[PDB]
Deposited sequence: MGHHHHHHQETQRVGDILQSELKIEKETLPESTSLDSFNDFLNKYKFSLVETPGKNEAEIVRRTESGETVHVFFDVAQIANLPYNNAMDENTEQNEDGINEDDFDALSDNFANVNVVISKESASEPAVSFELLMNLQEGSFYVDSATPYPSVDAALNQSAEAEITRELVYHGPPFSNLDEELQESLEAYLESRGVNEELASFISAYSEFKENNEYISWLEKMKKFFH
């Protein structure tokens, strides 16, 4: 019965609606902008570094709340997409792949054809197969660009926050259907 579903959604809504300053502190520390799209799983934060690089970090809040984290760094001009695995318990990152794309658009465009273009191109060897010194220098480069414990903490806590907001909107949409 639609009434029975509606009653439970109504009571769950009231409860669910019932640390922002930690988000603001971390984002402002690195001069991040948060790109927030309510209704979608992916969250994005973007900043510009002292050396003129643009750093994008993408994560899937539903996957989190090992997770896939995409760090894209550009200097139109070439960008490297680092696909990372983040340990949710440890707050640690591991490089899975690093792919040099000819532009930020090539790295990030969500169109069907842009995805196919990414699928077809070489993504570098398994990271574990690289020279150890190459592995290390790339990890230290990412670290120096803010891929660290503070970022992992933000990703975890912001994912918990956004997903709960997504859950609330979902409850609301369900309520409208079952009304």
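Chemist: Which parts of the deposited chain sequence are absent from the coordinates, listed in sequence order?
Modeler: Gaps in the modelled chain, taken against the deposited sequence, lie at 1 to 9, 28 to 33, 81 to 110, 121 to 123.
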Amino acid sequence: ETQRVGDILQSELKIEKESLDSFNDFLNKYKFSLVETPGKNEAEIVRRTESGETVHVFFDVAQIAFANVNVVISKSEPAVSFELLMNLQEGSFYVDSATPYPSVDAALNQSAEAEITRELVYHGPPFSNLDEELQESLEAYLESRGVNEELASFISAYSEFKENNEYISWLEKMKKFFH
From here on, numbers count along this sequence of modelled residues.
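Chemist: Higher mean Cα B-factor in the deposited model: 104 to 112 or 85 to 93?
Modeler: Comparing 104 to 112 with 85 to 93, the higher average CA B-factor belongs to 85 to 93.
Chemist: Compare the mean C-alpha B-factor of 128 to 136 with that of 114 to 122 as given in the PDB entry, and name the stretch with the higher value.
Modeler: That would be 128 to 136.
Chemist: For the listed residues 33, 70, 41, 49, which one has the largest C-alpha B-factor as given in the deposited model?
Modeler: Highest C-alpha B-factor among the listed options: 49.
Chemist: Within this chain's modelled residues, let me know which third the CA B factor of residue 66 belongs to: lowest, middle or highest.
Modeler: According to the entry, residue 66 has a C-alpha B-factor in the chain's highest third.
Chemist: Tell me, lowest, middle or highest third: where does the Cα B factor of residue 160 rank within its chain?
Modeler: Within its chain, residue 160 is a middle-third residue by C-alpha B-factor, going by the deposited values.
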